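The chain that follows stands alone, in the form deposited in one PDB entry, written as structure tokens.
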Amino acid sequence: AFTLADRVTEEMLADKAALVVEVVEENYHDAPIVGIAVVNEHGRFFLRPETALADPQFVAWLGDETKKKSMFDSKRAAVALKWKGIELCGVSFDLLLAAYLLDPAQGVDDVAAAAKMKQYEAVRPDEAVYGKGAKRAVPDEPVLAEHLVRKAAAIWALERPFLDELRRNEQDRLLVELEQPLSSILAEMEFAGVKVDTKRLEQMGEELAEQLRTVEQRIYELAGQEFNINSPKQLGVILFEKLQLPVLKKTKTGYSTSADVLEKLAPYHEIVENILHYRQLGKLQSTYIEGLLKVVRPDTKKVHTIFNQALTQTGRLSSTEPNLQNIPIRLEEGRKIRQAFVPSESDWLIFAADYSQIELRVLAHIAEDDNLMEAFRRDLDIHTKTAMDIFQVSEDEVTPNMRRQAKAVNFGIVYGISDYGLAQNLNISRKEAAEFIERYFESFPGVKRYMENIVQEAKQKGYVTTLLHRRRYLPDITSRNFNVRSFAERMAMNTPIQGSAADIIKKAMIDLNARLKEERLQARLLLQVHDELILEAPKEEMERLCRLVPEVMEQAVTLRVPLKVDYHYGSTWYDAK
């Protein structure tokens, strides 16, 4: 039983309530709110949004920090409301974030999935109510109102058992003091968006299309015929049947044509270099130029990413529409894409600050490896020092290739890759990659001990934890399949590193947001990308930020080694280098 309400009564404006502000469109930016449900001690209420959101008492209640609301995915609601000029405050419990902290592997997508964790099944999955894909539609008011009230009732019923388990896990503060405050910061970041210079992007796309026409023509005269270069089946027939290049790698369906294979085939035929070049130009044009231009809002000329705070098993943020975490950087041709990200006001600048080697610093701290801690206490180039140790040479004797291999070993630790993966990145044998690793563990015995100990702890406890008590369950750690078990072992080692680094960055964003307000700066966070925070600010604030931001980031936690922050500012993201 629920009141399908016609107007807002005071009964719906209690001190504590479960609240559903339903946004069905996957991209919630400027998206409709289809319905509102409130469950509190006085009953269960469904409100049409046009009513509720025009009611001054309702809107005042939404924005009253002392009126506590329990929700699922409150950022979606907060942002949808921001686009309507309405502030959502007082969200004291977000079930999406609670479920995520309790077990990130569950993939909790909707209220129903979180409710199942506590054997609560009186709510349907969103996909059963709205449908999937083409046939996705908002159902009739009776069906919609039942669904929203059921979601709000589930939230109401589930808050206590979820907070109880969080407390047993010592994750209650992680929820309340880190993830929920971050959610509000991310909602403001997403709402602010980042201004895009679409003229520059369109000019770049114009350039790429011309080179792509040129390289594509050269490819066709080399293949003796025309074909769809973007089809790895057609390309496979041109390279490996017509031109009879060696087959160095097979895929499930046929001939591998990854850039790894093509680089190896380059000496045999001039086509191969042009294919690689076509692949890189086409990646830029399709994915980044055309892809970015599709999601720039023509009103604001901004992109408004959506940060997914509750997806990764490490606690890292992901982002979509656009995904700004893979804007190119390595190749100069691609890094120029970042010239298109500009401050949103005249006489403002982009300020970007990034942790230097935060993952290895976290590893030095957690493993208490004396050699690694000393390397960071001396602020050495970690890759050079790793080369010196592994190859037992002095700094002047480290060749670029020795540093490259040491860097690949460090990369393998940071991202938890296998010996096979290291071998593949170093283009060496698996046996050779293995002996590289062993030489590393002789130089860093503390890291070796941490690796062994964390795997034993994962086996004993069932999970591993980060510095701020995020956990990752690893049921595959006892699997009898070697590849499955090795992956779980590498995740046991890696997640305390990657996840603690994510924890620090999140804490830094919270501290930064409060410091910006304390200092009454106009600067504002725009993006969190890997280990980098990107802000925009009046040019007149750059000198204050140069001092403030690195300090806040460096003081976010106290490790046994310093945190180091590099920072730059400029007129574009590219120039903030």
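Between two forms, the rigid core is the largest collection of C-alphas that superpose within 1.5 Å. Just count from 1 along the sequence shown to find any residue number.
Averaged over their C-alpha atoms, the temperature factors of 250-258 and 463-471 are higher for 250-258. A summary of the deposited B-factors shows that, of 176-184 and 198-206, the stretch with the larger mean C-alpha value is 198-206. As recorded in the entry, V237 carries the highest CA temperature factor of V237, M189, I366, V296. Take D164, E121, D109, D379 and read off each C-alpha B-factor from the entry; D109 has the highest. Per-chain ranking of the deposited C-alpha B factor places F227 in the highest third. Per-chain ranking of the deposited C-alpha B factor places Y420 in the highest third. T287 sits in the highest third of its chain by CA B factor, as recorded in the PDB entry. When the modelled residues of the chain are ordered by C-alpha B-factor, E543 sits in the lowest third. Ranked by C-alpha B-factor against the other modelled residues of its chain, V34 falls in the middle third.
Keep in mind the form deposited in another entry is missing from the figure; the text below concerns it.
The residue that stands out in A113, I417, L293, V176 is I417, the single one whose Cα moves by 2 angstroms or more between the shown form and the other one on a rigid core fit. The Cα shift for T251 between the shown form and the other one, taken after rigid core superposition, is 2 angstroms or larger. Between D369 and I417, the C-alpha separation shrinks by 3 Å or more in the other form, relative to the conformation displayed.
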